[PDB]
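Structure record follows, encoded as structure tokens.
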Amino acid sequence: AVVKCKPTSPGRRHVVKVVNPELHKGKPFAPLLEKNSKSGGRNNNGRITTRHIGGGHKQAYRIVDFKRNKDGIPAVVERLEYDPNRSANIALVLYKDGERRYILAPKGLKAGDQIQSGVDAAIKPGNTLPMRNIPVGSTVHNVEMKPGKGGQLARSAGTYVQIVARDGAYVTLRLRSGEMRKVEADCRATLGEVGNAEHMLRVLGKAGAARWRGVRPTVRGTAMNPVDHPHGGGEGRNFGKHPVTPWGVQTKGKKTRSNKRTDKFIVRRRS
Amino acid sequence: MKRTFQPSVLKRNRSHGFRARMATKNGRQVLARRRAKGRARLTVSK
Amino acid sequence: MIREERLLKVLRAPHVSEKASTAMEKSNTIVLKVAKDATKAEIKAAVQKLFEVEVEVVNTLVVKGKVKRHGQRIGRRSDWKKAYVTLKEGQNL
RNA sequence: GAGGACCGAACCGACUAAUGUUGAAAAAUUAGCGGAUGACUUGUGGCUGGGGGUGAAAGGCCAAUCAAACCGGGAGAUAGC
RNA sequence: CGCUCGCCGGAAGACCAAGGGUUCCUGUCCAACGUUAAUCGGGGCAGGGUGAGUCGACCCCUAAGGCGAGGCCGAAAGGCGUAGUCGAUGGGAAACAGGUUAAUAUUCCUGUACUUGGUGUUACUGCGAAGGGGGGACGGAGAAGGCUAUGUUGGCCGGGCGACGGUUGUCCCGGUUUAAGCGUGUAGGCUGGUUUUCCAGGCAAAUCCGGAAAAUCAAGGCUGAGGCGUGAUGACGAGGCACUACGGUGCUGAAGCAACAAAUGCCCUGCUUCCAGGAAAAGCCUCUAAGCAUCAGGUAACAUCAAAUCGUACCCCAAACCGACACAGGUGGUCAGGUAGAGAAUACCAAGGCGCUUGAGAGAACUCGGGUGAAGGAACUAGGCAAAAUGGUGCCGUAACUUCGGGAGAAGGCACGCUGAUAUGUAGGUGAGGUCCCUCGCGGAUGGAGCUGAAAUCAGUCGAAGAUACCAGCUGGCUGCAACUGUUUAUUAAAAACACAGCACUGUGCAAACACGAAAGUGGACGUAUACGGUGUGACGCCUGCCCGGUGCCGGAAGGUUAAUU
Ligand SMILES: [Cu+]
Ligand SMILES: [K+]
Ligand SMILES: [K+]
Ligand SMILES: [K+]
Ligand SMILES: [K+]
Ligand SMILES: [K+]
Ligand SMILES: [K+]
Ligand SMILES: [K+]
Ligand SMILES: [K+]
Ligand SMILES: [K+]
Ligand SMILES: [K+]
Ligand SMILES: [K+]
Ligand SMILES: [K+]
Ligand SMILES: [K+]
Ligand SMILES: [K+]
Ligand SMILES: [K+]
Ligand SMILES: [K+]
Ligand SMILES: [K+]
Ligand SMILES: [K+]
Ligand SMILES: [K+]
Ligand SMILES: [K+]
Ligand SMILES: [K+]
Ligand SMILES: [K+]
Ligand SMILES: [K+]
Ligand SMILES: [K+]
Ligand SMILES: [K+]
Ligand SMILES: [K+]
Ligand SMILES: [K+]
Ligand SMILES: [K+]
Ligand SMILES: [K+]
Ligand SMILES: [K+]
Ligand SMILES: [K+]
Ligand SMILES: [K+]
Ligand SMILES: [K+]
Ligand SMILES: [K+]
Ligand SMILES: [K+]
Ligand SMILES: [K+]
Ligand SMILES: [K+]
Ligand SMILES: [K+]
Ligand SMILES: [K+]
Ligand SMILES: [Mg+2]
Ligand SMILES: [Mg+2]
Ligand SMILES: [Mg+2]
Ligand SMILES: [Mg+2]
Ligand SMILES: [Mg+2]
Ligand SMILES: [Mg+2]
Ligand SMILES: [Mg+2]
Ligand SMILES: [Mg+2]
Ligand SMILES: [Mg+2]
Ligand SMILES: [Mg+2]
Ligand SMILES: [Mg+2]
Ligand SMILES: [Mg+2]
Ligand SMILES: [Mg+2]
Ligand SMILES: [Mg+2]
Ligand SMILES: [Mg+2]
Ligand SMILES: [Mg+2]
Ligand SMILES: [Mg+2]
Ligand SMILES: [Mg+2]
Ligand SMILES: [Mg+2]
Ligand SMILES: [Mg+2]
Ligand SMILES: [Mg+2]
Ligand SMILES: [Mg+2]
Ligand SMILES: [Mg+2]
Ligand SMILES: [Mg+2]
Ligand SMILES: [Mg+2]
Ligand SMILES: [Mg+2]
Ligand SMILES: [Mg+2]
Ligand SMILES: [Mg+2]
Ligand SMILES: [Mg+2]
Ligand SMILES: [Mg+2]
Ligand SMILES: [Mg+2]
Ligand SMILES: [Mg+2]
Ligand SMILES: [Mg+2]
Ligand SMILES: [Mg+2]
Ligand SMILES: [Mg+2]
Ligand SMILES: [Mg+2]
Ligand SMILES: [Mg+2]
Ligand SMILES: [Mg+2]
Ligand SMILES: [Mg+2]
Ligand SMILES: [Mg+2]
Ligand SMILES: [Mg+2]
Ligand SMILES: [Mg+2]
Ligand SMILES: [Mg+2]
Ligand SMILES: [Mg+2]
Ligand SMILES: [Mg+2]
Ligand SMILES: [Mg+2]
Ligand SMILES: [Mg+2]
Ligand SMILES: [Mg+2]
Ligand SMILES: [Mg+2]
Ligand SMILES: [Mg+2]
Ligand SMILES: [Mg+2]
Ligand SMILES: [Mg+2]
Ligand SMILES: [Mg+2]
Ligand SMILES: [Mg+2]
Ligand SMILES: [Mg+2]
Ligand SMILES: [Mg+2]
Ligand SMILES: [Mg+2]
Ligand SMILES: [Mg+2]
Ligand SMILES: [Mg+2]
Ligand SMILES: [Mg+2]
Ligand SMILES: [Mg+2]
Ligand SMILES: [Mg+2]
Ligand SMILES: [Mg+2]
Ligand SMILES: [Mg+2]
Ligand SMILES: [Mg+2]
Ligand SMILES: [Mg+2]
Ligand SMILES: [Mg+2]
Ligand SMILES: [Mg+2]
Ligand SMILES: [Mg+2]
Ligand SMILES: [Mg+2]
Ligand SMILES: [Mg+2]
Ligand SMILES: [Mg+2]
Ligand SMILES: [Mg+2]
Ligand SMILES: [Mg+2]
Ligand SMILES: [Mg+2]
Ligand SMILES: [Mg+2]
Ligand SMILES: [Mg+2]
């Protein structure tokens with residue numbers, strides 16, 4: 001549910017929360033937890049290499065099964081859970097043999113539902129099959145790009161991919177970006193859409209709410225001095241130049257894809 | 001007012017001590033230079 | 001077994017002072033200057049073998065030497081080890 | 001019993017005035033002042049190095065040094081002054 | 001040295017870490033040092049002083065990070081990193097009370113304890129890891145209850161009968177303390193228990209964990225402050241007595257109870273709740289593999305041995321650390337008494353510590369820091385700068401506007417001390433004896449002695465004044481800018497600047513764009529278009545018109561021109 005906060009303080013007036021009274025309220029499943037410490041956007045030269053990253057809440061990493069290759073053995077959803085590492089929720093599932101795993105939670109999945117993977121799995125949300133065995137026109141998520149590599153496409157909350165065509169060893173997919181993309185038909189995909197579609201309706205409401213998420217302030221280049229940024233300078237608010245990144249590349253329409261190796265799989269660019 | 005020198009022996013030794021100097025070629029050239037000058041105290045090492 | 005040659009090197013001198021005398025007459029404890037690297041076990045064996053008395057327990061401490069001046073020259077006396085050696089009741093030294 | 005909520009000590013700051021200006025102090029004292037559960041504050045340790053870092057951006061800060069640190073060297077640079 | 005006076009007392013007291021390194025104690029000296037003198041000193045000289053199985057380090061274990069055999073990469077130097085190995089600021093065994101030195105003490109002594117390991121007997125016995133599982137193991141806020149530290153009063157014991165009216169009493173002063181350990185298992189918290197059968201999971205195995213199905217029982221287990229008992233016929237103890245080398249020593253020693261109040265400490269790593277969703281590894285428990293078989297090994301009791309080494313003095317909001325100084329500065333952690341008070345504010349005190357290392361006079365101008373002011377009351381001035389003023393609690397009452405939360409403590413006003421009564425002390429809190437029950441205990445019910453105790457009303461009463469001191473909002477009206485809380489020019493600028501939630505454009509299909517990097521790689525991200533980067537705008541409301549000629553970006557590729565090459 002999407003809930004507007006009451007304006008009892010200026011920092012709460014504009015806050016909109018996504019409240020899901022189905023997520024587990026207790027602790028996560030410990031055997032599938034790992035520590036994951038923070039980077040501040042700095043690489044192994046110790047330099048900032050991605051700006052605007054630092055601080056925010058401590059987070060444990062949940063091991064999520066993106067491969068979905070435990071074929072032929074049914075599993076039951078035990079509970080849905082919050083995962084700080086991603087926009088989607090996750091689901092803890094128990095297999096018949098007694099093994100527990102985390103999966104991305106599809107829209108509509110609830111505790112008690114049954115799921116399965118493999119060539120002979122039923123066409124139902126949460127089941128995973130090679131796309132060779134999924135009807136053309138279906139909606140799927142967590143799509144592999146190489147067979148056995150694990151899901152890599154349409155993982156964010158509310159996202160999905162459309163199987164538009166199947167020719168020979170390849171399927172054509174409509175991605176969320178709008179791109180039409182060829183992928184091997186032996187690549188797996190999970191039926192349905194990623195859940196938590198209301199994620200995009202939240203409103204942070206105050207600066208601190210971004211700071212809680214590890215995002216540090218953006219400083220506009222036109223607010224700087226020339227030594228700092230091509231946009232800097234000026235007696236007053238001045239601009240007079242074509243907008244560029246801090247490193248001088250045009251930033252209002254200039255294209256930057258250059259991958260001749262994968263060009264052969266793009267049927268149609270997003271625009 | 002807080003001044004610039006705030007002593008810590010662990011930090012002193014890690015930053016400038018004998019084994020830190022020996023860890024790199026540039027640090028061993030500091031030591032070579034101080035030996036050629038004839039310093040009585042080669043390093044901060046107490 | 002600690003070798004007798006080692007035992008003969010670990011005891012350096014009696015320590016004479018008001019506190020040492022009080023220790024002897026009140027707690028049957030003699031105070032010694034001992035080699036810097038001597039252990040409690042070595043001191044105990046040396047006292048028992050060389051002074052021919054039974055020892056209850058040995059406590060040790062390291063005395064840091066003082067900085068002293070001599071004709072504008074600055075120097076430092078050496079650190080040394082002191083041993084409080086408690087003897088068994090009835091023994092006399 | 002929520003909150004970058006409210007009053008207010010510690011704690012963190014630094015809006016006004018007087019003093020001080022060969023100072024008690026190479027930035028403070030005194031009376032008042034702001035925040036005070038947070039984008040808070042603090043201890044210990046770590047990482048980023050000079051056309052380089054870091055910067056809620058003042059060309060700010062990087063050891064009382066910053067429109068290019070400090071130390072040593074080219075070095076007795078050159079100086080129609 | 002003494003008596004008095006004054007000052008701090010959430011410190012100007014006590015104790016640590018850090019940093020320093022003999023500054024500590026005793027004797028002796030006064031050249032220099034000490035902003036004066038100095039017989040004194042953190043000064044000179046000499047001697048002394050730091051005692052540990054349990055405190056800390058070392059040690060086992062890891063975080064960020066560092067290094068890193070081979071390895072990958074790079075003119076060389078070197079860069080990155082795998083197996084590993086280091087690295088606390090975090091996890092990991094055990095000691096308390098009393099006494100003692102001029103100077104150390106959880107280290108010495110007295111008394112009473114505890115932990116880990118090696119050996120050797122005795123009895124029983126499936127042991128075995130570099131592997132598996134459990135555990136360790138974790139957030140913010142909030143709310144109570146049960147407690148203790150601790151305080152107050154009474155009782156008790158000892159002492160007293162007052163320099164000036166009174167003081168044998170409902171009077172005055174002091175004391176009324178006791179640990180770890182061991183035993184017990186309470187307020188409370190969590191969890192159903194037990195036994196069989198089977199199984200695609202835990203890299204092999206597993207009796208362990210996970211999963212499935214039955215039977216049976218319903219109370220079993222885990223955790224837990226405090227209290228109580230013991231420790232303790234002990235220790236300590238007001239004071240008294242006797243010597244002093246008049247500093248202090250030696251001997252003895254009464255009472256040693258209760259009630260009430262009560263933490264920010266403990267139960268509590270709990271409970272409730274929220275979203276921003278909250279280390280690791282070992283110690284520890286358990287499972288088996290290879291392997292070993294009346295052996296080794298394991299479990300328990302007993303005995304015996306071992307627990308090394310280094311630190312331990314002293315300062316530590318400071319004259320000993322960082323500030324060139326015996327410098328109005330700076331410096332993390334712990335302790336937390338009385339009266340008033342909401343309080344760790346504030347005033348006065350306790351324990352304890354101090355009067356700040358030039359003094360003596362005088363009582364001009366002027367400067368500094370303060371007090372009061374006739375009449376006037378902003379006339380001052382760039383400007384009410386500074387000053388003056390307001391200031392508490394309860395109640396009454398409170399406009400426009402508004403995003404319906406606010407505005408608001410709007411504004412404005414009334415009451416307030418003390419005494420008596422209601423009521424020899426009330427409502428409330430706490431709660432003994434007694435009685436009843438019981439599945440008999442640290443139990444339940446009743447019962448209310450004793451203790452503690454607001455607030456109100458009525459009547460009276462003193463002063464100029466009862467929130468009397470300290471402490472402690474000035475208020476209202478119009479308007480510019482920025483939505484707001486935040487940030488900034490360390491040291492002349494705190495703002496209208498920066499940021500900000502929100503908005504848009506745009507790039508980016510993952511070996512992402514992008515960034516650091518001759519490279520290997522690393523960040524982006526163990527993320528995947530509801531995502532990530534870049535840019536502008538800057539809550540919200542109503543909105544965001546026309547121009548593509550110029551410059552850029554995006555698309556096109558028929559033609560013209562055009563590089564190396566030939
Ligand atoms: Cu051409
Ligand atoms: K999430
Ligand atoms: K910005
Ligand atoms: K500009
Ligand atoms: K500008
Ligand atoms: K400007
Ligand atoms: K350093
Ligand atoms: K911190
Ligand atoms: K800069
Ligand atoms: K410097
Ligand atoms: K430079
Ligand atoms: K002086
Ligand atoms: K004098
Ligand atoms: K002296
Ligand atoms: K590491
Ligand atoms: K490492
Ligand atoms: K033993
Ligand atoms: K919680
Ligand atoms: K009493
Ligand atoms: K009298
Ligand atoms: K059952
Ligand atoms: K006890
Ligand atoms: K094990
Ligand atoms: K000590
Ligand atoms: K006071
Ligand atoms: K005069
Ligand atoms: K005069
Ligand atoms: K009255
Ligand atoms: K009562
Ligand atoms: K009562
Ligand atoms: K007020
Ligand atoms: K506006
Ligand atoms: K300001
Ligand atoms: K700014
Ligand atoms: K975007
Ligand atoms: K609005
Ligand atoms: K609004
Ligand atoms: K145009
Ligand atoms: K154009
Ligand atoms: K052409
Ligand atoms: Mg490196
Ligand atoms: Mg960004
Ligand atoms: Mg994240
Ligand atoms: Mg932005
Ligand atoms: Mg600027
Ligand atoms: Mg430029
Ligand atoms: Mg202009
Ligand atoms: Mg213009
Ligand atoms: Mg350019
Ligand atoms: Mg420090
Ligand atoms: Mg020792
Ligand atoms: Mg020597
Ligand atoms: Mg606030
Ligand atoms: Mg500042
Ligand atoms: Mg001030
Ligand atoms: Mg405020
Ligand atoms: Mg405040
Ligand atoms: Mg250079
Ligand atoms: Mg400028
Ligand atoms: Mg500077
Ligand atoms: Mg230059
Ligand atoms: Mg030259
Ligand atoms: Mg010259
Ligand atoms: Mg005196
Ligand atoms: Mg000295
Ligand atoms: Mg002294
Ligand atoms: Mg003098
Ligand atoms: Mg003289
Ligand atoms: Mg001296
Ligand atoms: Mg001993
Ligand atoms: Mg210990
Ligand atoms: Mg390396
Ligand atoms: Mg190598
Ligand atoms: Mg290690
Ligand atoms: Mg540590
Ligand atoms: Mg002492
Ligand atoms: Mg384990
Ligand atoms: Mg922990
Ligand atoms: Mg918490
Ligand atoms: Mg009590
Ligand atoms: Mg008690
Ligand atoms: Mg009289
Ligand atoms: Mg009394
Ligand atoms: Mg007792
Ligand atoms: Mg508190
Ligand atoms: Mg001490
Ligand atoms: Mg002084
Ligand atoms: Mg000082
Ligand atoms: Mg402080
Ligand atoms: Mg008080
Ligand atoms: Mg105070
Ligand atoms: Mg006192
Ligand atoms: Mg005067
Ligand atoms: Mg005056
Ligand atoms: Mg006045
Ligand atoms: Mg007047
Ligand atoms: Mg008058
Ligand atoms: Mg008047
Ligand atoms: Mg008037
Ligand atoms: Mg005027
Ligand atoms: Mg005028
Ligand atoms: Mg004023
Ligand atoms: Mg005033
Ligand atoms: Mg108003
Ligand atoms: Mg009570
Ligand atoms: Mg005042
Ligand atoms: Mg105007
Ligand atoms: Mg503002
Ligand atoms: Mg800052
Ligand atoms: Mg400034
Ligand atoms: Mg200023
Ligand atoms: Mg990558
Ligand atoms: Mg690359
Ligand atoms: Mg990477
Ligand atoms: Mg703007
Ligand atoms: Mg055109
Ligand atoms: Mg083109």
Side-chain angles (χ1 to χ4, degrees), chain A residues 6-14 28 30 35-37 39 41-50 53 56-61 72-73 82 84-87 94-100 145 152-159 175-177 179 181 196-197 199-200 203-213 216-225 227-228 231 242-247 249-257 259 261-262 266 270, chain B residues 1-11 25, chain C residues 17-19 22 26-27 29 39-41 59-64 66-67 82 84:
Chain A
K6 289 201 167 174
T8 57
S9 46
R12 284 285 276 203
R13 178 182 301 277
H14 302 298
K35 81 153 200 106
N36 190 39
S37 59
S39 74
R42 286 138 167 108
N43 78 343
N44 62 354
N45 294 329
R47 302 280 183 87
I48 290 177
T49 66
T50 295
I53 301 179
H57 209 286
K58 190 168 187 182
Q59 293 164 338
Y61 185 70
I73 299 150
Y82 184 89
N85 297 278
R86 66 195 74 251
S87 51
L94 170 68
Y95 282 87
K96 218 63 37 193
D97 51 21
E99 176 181 341
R100 275 174 184 89
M145 284 186 94
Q152 285 185 285
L153 307 157
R155 313 200 320 197
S156 183
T159 61
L175 311 179
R176 281 289 290 167
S177 67
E179 201 191 87
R181 156 109 204 187
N196 204 27
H199 169 69
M200 42 168 198
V203 177
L204 294 197
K206 69 169 190 173
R211 298 305 298 285
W212 299 340
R213 289 161 162 78
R216 289 185 23 83
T218 299
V219 176
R220 296 170 293 111
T222 191
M224 305 182 174
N225 295 306
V227 62
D228 308 296
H231 294 185
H242 299 308
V244 295
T245 73
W247 303 279
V249 181
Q250 207 256 23
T251 196
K252 287 283 175 167
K254 181 186 196 11
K255 290 158 174 7
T256 61
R257 166 185 174 87
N259 196 337
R261 177 177 58 84
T262 67
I266 311 302
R270 77 195 184 277
Chain B
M1 318 156 58
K2 177 182 190 143
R3 296 302 183 187
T4 58
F5 181 52
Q6 305 290 334
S8 161
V9 174
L10 175 60
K11 276 168 78 172
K25 79 95 169 164
Chain C
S17 75
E18 170 173 306
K19 181 175 190 175
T22 295
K26 246 78 172 283
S27 39
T29 298
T39 62
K40 288 177 171 170
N59 291 18
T60 54
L61 60 86
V62 173
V63 185
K64 282 89 210 159
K66 290 178 181 166
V67 170
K82 178 193 301 191
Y84 294 89

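Convention: sequence-line order gives letters A, B, ...; per-chain numbering from 1.
Centre separation under 5.5 Å together with a plane angle under 30° does not hold for the ring of B:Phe5 and the six-membered base ring of E:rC322, so they are not marked as stacked.
Nucleotide E:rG486: paired with E:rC498 (Watson-Crick or G-U wobble, both distances less than 3.5 Å). Nucleotide E:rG135 forms a pair with no other nucleotide shown, judged by Watson-Crick or G-U wobble geometry with both contacts under 3.5 Å.
Using a 4.0 Å heavy-atom cutoff across all strands shown, A:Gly205 reaches sugar-phosphate atoms only and no base atom. Here A:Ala60 lies in heavy-atom contact (under 4.0 Å) with sugar-phosphate atoms only. Using a 4.0 Å heavy-atom cutoff across all strands shown, A:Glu179 reaches at least one base atom of the nucleic acid. Counting any heavy atom pair closer than 4.0 Å across all strands shown, A:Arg100 reaches sugar-phosphate atoms only and no base atom. Using a 4.0 Å heavy-atom criterion, one finds that A:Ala210 contacts the sugar-phosphate atoms exclusively. Nucleic acid contact for A:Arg270: base, since at least one base atom lies under 4.0 Å from a heavy atom of the residue. Using a 4.0 Å heavy-atom distance criterion, A:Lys252 is classed as a base contact. Within 4.0 Å of A:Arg12, counting heavy atoms only, lie sugar-phosphate atoms of the nucleic acid but no base atom. Contacts of A:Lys35 with the nucleic acid, taken as non-hydrogen atoms under 4.0 Å apart, involve only primed sugar atoms and P, OP1 or OP2. Here A:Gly221 lies in heavy-atom contact (under 4.0 Å) with sugar-phosphate atoms only.
On a pure distance criterion of 3.5 Å, no polar donor-acceptor pair joins the side chain of A:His57 and the base of E:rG277. Side-chain to base pairing of A:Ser177 with E:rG509: one donor and one acceptor N or O lie within less than 3.5 Å of each other.
Which of E:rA499, E:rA501, E:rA308 sits closest to the side chain of A:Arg220 comes down to E:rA499.
Comparing A:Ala223 and B:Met1 by the nucleotide of RNA chain D whose heavy atom lies nearest to each, the residue mapping closer to the 5' end is B:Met1. Sequence order on RNA chain D of the closest nucleotides to A:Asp228 and A:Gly11 puts A:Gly11 first from the 5' end.
Annotation: the span from A:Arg47 atom CZ to A:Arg42 atom CZ amounts to 11.5 Å, rounded to 0.5 Å.
Separating the NZ atom of C:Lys40 from the P atom of E:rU107 is a distance of 13 Å, rounded to the nearest angstrom.
In E:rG247 the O4'-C1'-N dihedral to the base is within 90° of 0, which defines a syn nucleotide.
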